[PDB]
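Have a look at the structure below before the remarks.
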Amino acid sequence: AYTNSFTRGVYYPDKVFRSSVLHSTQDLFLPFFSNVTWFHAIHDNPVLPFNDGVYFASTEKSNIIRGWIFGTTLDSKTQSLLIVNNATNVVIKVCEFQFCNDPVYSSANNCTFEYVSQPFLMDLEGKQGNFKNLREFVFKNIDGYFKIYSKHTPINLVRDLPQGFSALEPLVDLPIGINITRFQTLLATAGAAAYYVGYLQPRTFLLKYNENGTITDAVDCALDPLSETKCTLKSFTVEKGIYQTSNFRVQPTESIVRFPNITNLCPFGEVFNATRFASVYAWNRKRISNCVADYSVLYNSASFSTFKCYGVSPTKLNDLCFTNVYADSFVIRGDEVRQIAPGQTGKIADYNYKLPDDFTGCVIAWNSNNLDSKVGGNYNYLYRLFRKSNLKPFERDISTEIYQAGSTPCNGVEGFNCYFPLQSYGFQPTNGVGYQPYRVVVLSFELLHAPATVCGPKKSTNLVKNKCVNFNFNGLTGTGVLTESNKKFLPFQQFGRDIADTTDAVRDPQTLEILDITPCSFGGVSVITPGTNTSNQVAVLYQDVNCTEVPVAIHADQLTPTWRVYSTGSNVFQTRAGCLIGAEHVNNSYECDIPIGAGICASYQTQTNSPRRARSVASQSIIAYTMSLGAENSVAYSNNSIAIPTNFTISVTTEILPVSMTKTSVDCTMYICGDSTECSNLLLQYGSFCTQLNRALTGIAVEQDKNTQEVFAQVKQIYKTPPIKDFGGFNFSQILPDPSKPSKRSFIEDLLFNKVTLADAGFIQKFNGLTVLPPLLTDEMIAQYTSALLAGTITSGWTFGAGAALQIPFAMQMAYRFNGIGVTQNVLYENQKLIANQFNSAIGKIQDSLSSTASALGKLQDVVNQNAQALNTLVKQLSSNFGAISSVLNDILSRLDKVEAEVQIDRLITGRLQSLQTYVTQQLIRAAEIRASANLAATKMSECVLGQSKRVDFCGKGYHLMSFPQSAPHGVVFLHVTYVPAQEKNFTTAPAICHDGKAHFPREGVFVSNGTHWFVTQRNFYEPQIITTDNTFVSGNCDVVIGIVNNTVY
Amino acid sequence: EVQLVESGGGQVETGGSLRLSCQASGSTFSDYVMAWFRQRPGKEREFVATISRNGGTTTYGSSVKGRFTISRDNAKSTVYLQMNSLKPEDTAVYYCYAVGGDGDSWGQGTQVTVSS
């Protein structure tokens, strides 16, 4: 049977007791969800190929398992390997034993290695605990380093390979140098224990960790796709998210409905088929109009007895648009075919037509003693041997050179007088090699001039129309499609680009020859994973694919058999962004979630159709419907009816904004030179960039100092919270700092500075050139500033950003905040206890979230991670050789002598220089946007907290009443009050009432009606009072408007 | 329309003379160099004579050369080869060979017979 290696394939490529930070490694890694071959019974275990990687894991009830034997032939013929367990000590033998079909010491031979260590462990992990044991092994050969891993992983589900995780660290090794291909299992069998076999791959893990130096995370690349969030996405505990995976991307889609069906013509045939060509002397010279041959059909034709090409391989057929082609036709001698080469040596090669010392695309020849040679012998051609003007290349000397000097004894007139260069050539159809007339031309090309768009006269989006071979062996290394094109033409031949080097194809007068580039098959990979945590079901998106075309590298299937990797699913769908191999496309249209594209999302509930349905969509698949924000909540036409609120609701959020880097300067020289005479002198010689960069870095340093200061010096002088915390019935209980607890952060803030993932990319971390100068305001100084913040916010008024803090209550502070938002302070003087209950209870439950909601603060953590990646990609770029023999400095200083050392170190520096300048420019972009963030943080604090701004969707949604600041390591949290009326109940009104012939309108109120009477109330609070002349005004007379009615005023 | 139609050739008894004409009917004749060629039955073809482009130089054969007489006429655009001084060694079909433009130029091939 075939069982996935769900979490099997992850291990330690080398010595790393890492902790909780993100790093990648590139070695021979077993694919995830890799199907494993079972061998439980004979029905013992057939021999298998090594495949440059194999996996094993034992699931035994009791101690049975013996060792194995490794080698090419597993026989005395070839150097082999042995693995034996003595239950006392393990040994490894590289020995050559006679191959026994069934095992253990058949014949000891050539035992070059010996080793003793503790035996590889076994049972009572299988029996004593009443569970059993899963003993994973990792077998690898890289540079002969026999990479042996193991541990125990007890499980109780022996049905198949279950979930659950364990690390993998090395055991022993040998410096073999063996070429390992095949292997056997030894044990001293219809029903033997169950195990696995998983074939590995040379891949690139990223490794994340716990705090105890143990593995926790890695992913797959072009297999599992579930646990292929990538081969690098840093976590088993991924969330529901679209994760681009690998560069074997896609094949095409459908398109809009225009269609070519137009072919044109042009008489090129004479250029090669004019059965009466010119003599080799008078090499005929034609260039022709828009008409070509499918030089693939010229390549694969046996009509040409000589298909010789100087410069272009004949397998580069489609993208050939060549600017100028000069056709030069001429007869040949039977033995001159080899002599056809640019810059050759001989009589004719430079004395009848010379191709110069440069490439000549293709020169095409074939014997034609049938169409030319006659029974009397074709009799009409010549050859000029060595008695002429030496023939500069591309010269048709049609001159009759009777003499060269007319007097010299060499040729002249003395001695030889009747000599003449025009020596004629003859032959016969049946003569043999040496004088066989091959039909020979010259095809010389030009370059560097072809701006156009009509190297595409083309159309017909398709799936594909022809066999798998050579659709488009261009878009170099090639792939594509072929079909027919549709346009008219003009005298140019052979060249154009669609736009600016988008070379497409060479058009037909007869053939098919289409690209508009027929695909490089396309770009897109968008594997869906909902997370290993709450799911184990997978699907894959293929952006911009015809789903009938088996998207990835059409039915590549050169990999392990996997329903997703081996694309054959009928559970598919076609979006705008291509096929959805693991889909169950539905039209339910819930809220959007993990997105696919153009309006396709996922993540339904666990009982959509079946009990087997899970929280992840459509167990064993993934359903991706059409996106919607939901449905309508239409609002209607009120002429004067007032759906007036009598109650209201509030909620509280989290607002998260970084306010600095992890303050970092970079001594540019020390970063680069590392206090080295070589680089110190070398950079003193080289430019002044580093000085400017260090200036910029000091600027950003004092910048985050200024950001911290501005976010935490909005008030000139500090205000401690009140001693007794009994604010007009409004409990807070969580945001005031600790009165005497260590670090004096708020209870919320204690829980934050601790709940922040105290690794926080682990970044307690200066290595080289680095530094972390700590900020101006110490963490406790930020805390004290938050104290000032709450002191002003709930203790002084609208005014602690307005200078000195006052000594004023919050009962009446909230009274004046009601008073100044447009609804009188009747609200709390009625309901101070009730609004206090709502407000403080909500604020309390919000901290329950901020305690449970890890990663909901993903922006400060995100920026910590971006600086982490900044320094990390920085150091890995420091680990970029960039033109030397290695990325190290000192070795290649000493490995090579003075000139080589200095030039290689020059390259090393210049490259790492450029990398640092790119880092600092990206860091300055980040620093400008995070300056914007710091100004925005100070601005939220100021506007929303220090007073109360009118800003909308800046601190909450809508009714802005006040606001609250918080703190963090390098960012800040924020929460601010959001007020919303509710309970709409309809009530009639009117812009005017007729009474005593005058028009009556209110000052602050509206003429509300309850069905038969009319009152004046406010428009977020329905308070019934009689309409009189003390709270209203009367003026003029009833104007022209809809709604004049009775019920006069008092 | 530059297709060379050869003419003038025909039966000639030994000791006579013949005028030879050849036309690229509807296109140029003048500055194409003329070079006739004799092909003997049972033997190999042999160089006879030719002309220059300018017309001023009637560059005849290597041996005794005054036998053959050549000229160009613009007014009718064909050769005027006044053959003379026969030997029985000229019974052959000849080639117009207007080497200008396309060198080995032909398309009919006119035959002159040097009869007895």
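Where a number appears in this text, it was derived from the coordinates with a stated rule and is not lab data. Here the Cβ positions follow ideal geometry from the backbone for every residue, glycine too, while neighbour counts run over all protein chains shown.
The GluC sites (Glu not before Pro) of the stretch A:571-661 meeting both criteria, a DSSP state outside H, G, I, E and B (loop) and at most 11 other C-beta atoms within 10 angstrom of the site's C-beta, are A:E591, A:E632.
Using only alpha carbons, the stretch A:757-803 has a radius of gyration to Kirkwood radius ratio (Rg to Rh) of 1.24.
Once you reduce the stretch A:655-699 and the stretch A:198-212 to the center of their Cα atoms, the two points are 34 Å from each other. The distance between label points at A:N986 and A:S301 comes to 8.4 nm (points 7 Å beyond Cα on the Cα→Cβ vector). Projecting the Cα atoms of A:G674, A:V292, A:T873 onto the dipole axis of the protein assembly as shown, where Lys and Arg carry +1 and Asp and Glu carry -1 at the beta carbon, places A:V292 farthest toward the positive end. Calculation over all alpha carbon pairs of the stretch A:68-110 in 5 angstrom steps from 0 returns a P(r) of 6, 25, 35, 21, 10, 3, 0 percent.
Which value in deg cm²/dmol, rounded to the nearest 500, describes the helix-derived mean residue ellipticity at 222 nm for the protein assembly as shown, given -39,500 (n - 2.57) per DSSP H run of n ≥ 4 and division by the residue count?
Details: 13 runs with 182 residues, N = 1166.
That calculation yields -5000 deg cm²/dmol at 222 nm.
Only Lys, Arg, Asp and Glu carry charge here, each on its Cβ (+1 for the first two, -1 for the last two); on that basis the stretch B:4-114 has a dipole of about 240 debye about its Cα centre. Tell me which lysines have Cα within less than 18 Å of A:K61's Cα, excluding those fewer than 8 residues away on the same chain? Correct list for A:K61: A:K127, A:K132, A:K151.
Within the shell defined by Cβ-Cβ distances under 14 Å, the residues around A:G524 carry a net charge of 0, with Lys and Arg each +1 and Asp and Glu each -1.
How much length, in nm to one decimal, is gained on full extension between A:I499 and A:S628, taken as 0.36 nm per residue of separation minus their Cα-Cα distance? Walk me through the numbers on the way to the answer.
Details: separation 129, 0.36 × 129 = 46.44 nm, distance 3.85 nm.
42.6 nm is the gain from fully extending A:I499 to A:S628.
When the alpha carbon gyration tensor of the stretch A:312-394 is reduced to an equivalent ellipsoid, the three semi-axes, largest first, read 25, 20, 11 Å. Dimensions of the stretch A:90-136 along the principal axes, based on C-alpha atoms and rounded to the nearest Å, stand at 43, 26, 15, largest first. Phi angles of the stretch A:63-76 translate, via the Karplus equation with coefficients 6.51, -1.76, 1.60 and θ = phi - 60°, into HN-Hα couplings of 5, 10, 4, 9, x, 9, 9, 10, x, 6, 9, 6, 9, 5 Hz per residue; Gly and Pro are given as x.
Extending 7 Å from the Cα toward the beta-carbon at both A:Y105 and A:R695 defines two label points whose distance is 7.9 nm. Note on B:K65: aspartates and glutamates with a C-alpha under 15 Å away, same-chain residues under 8 apart excluded, are B:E46, B:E89, B:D90. Distant-in-sequence amide contacts of A:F492, defined by a placed amide H-H separation under 5 Å and a gap of 5 or more residues or a different chain, comprise A:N290. Taking amide H positions as modeled 1.01 Å from N, with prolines and chain starts lacking one, the residues under 5 Å from A:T649 and 5 or more places away or on another chain are A:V980, A:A982.
With each pseudo-label sitting 7 Å past Cα toward Cβ, what's the A:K467-B:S25 distance in nm, one decimal? In this crude spin-label approximation the distance works out to 4.9 nm. Only Cα sites of chain B enter the Debye sum here, all with the same form factor; the resulting log10 I(q)/I(0) across q = 0.12 1/Å is -0.38, listed in q order.
A Cβ-based charge dipole, computed about the Cα centre of the stretch A:93-236 with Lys and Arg at +1 and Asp and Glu at -1, lands at about 160 debye.
In a reduced charge model with +1 at each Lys and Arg Cβ and -1 at each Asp and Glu Cβ, the stretch A:949-1009 shows a dipole moment near 100 debye about its Cα centre. For A:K459, the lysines whose Cα falls under 16 Å of its own Cα, not counting residues fewer than eight places away in the same chain, are A:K487, A:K488.
Treating r as the C-beta distance of A:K286 and A:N247 and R0 as 60 Å, the FRET efficiency rounds to 0.85. Protection proxy ranking of A:14-23, A:1037-1046, A:935-944, by the mean of other Cβ atoms within 10 Å over each peptide's residues and highest first, is A:935-944, A:14-23, A:1037-1046. In plain terms, if you count all Cα to Cα distances in the stretch A:483-568 and split them into 5 Å steps from zero, the share in each step is 3, 10, 15, 16, 12, 11, 10, 8, 6, 5, 2, 1, 1, 0 percent.
Calculated on the Cα set of the stretch A:696-855, radius of gyration then Dmax: 19.0, 65 Å. Quantify how much of the Cα-Cα distance distribution of the stretch A:1-132 extends past 23 Å, in percent. The share of Cα pairs beyond 23 Å in the stretch A:1-132 comes to 52 percent.
Just to confirm my numbers, what's the Cα centroid distance between the stretch A:381-401 and the stretch A:72-115 in Å? Measuring centre to centre over Cα atoms gives 77 Å. Of the Cα atoms belonging to the protein assembly as shown, the radius of gyration and Dmax stand at 46.3, 152 Å.
The amide H of A:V138, built 1.01 Å from its N in the peptide plane, has A:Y149, A:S150 as neighbours under 5 Å, considering only residues 5 or more places off or on other chains.
Think of the stretch A:897-940 as having a plus end and a minus end, set by charges on the Cβ of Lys, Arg, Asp and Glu; of A:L913, A:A901, A:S933, A:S933 sits farthest toward the positive end of this dipole.
If you take every DSSP beta bridge fully contained in the protein assembly as shown, what fraction is antiparallel? Give it as a percent rounded to 5.
Here the antiparallel bridges make up roughly 95 percent for the protein assembly as shown.
Across the stretch A:544-696 the C-alpha pair distances fall into 10 Å bins from zero in the proportions 8, 19, 15, 12, 16, 19, 8, 2, 0 percent. Extension gain, A:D335 to A:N390, is 17.6 nm, computed as 0.36 nm per intervening residue step minus the present C-alpha separation.
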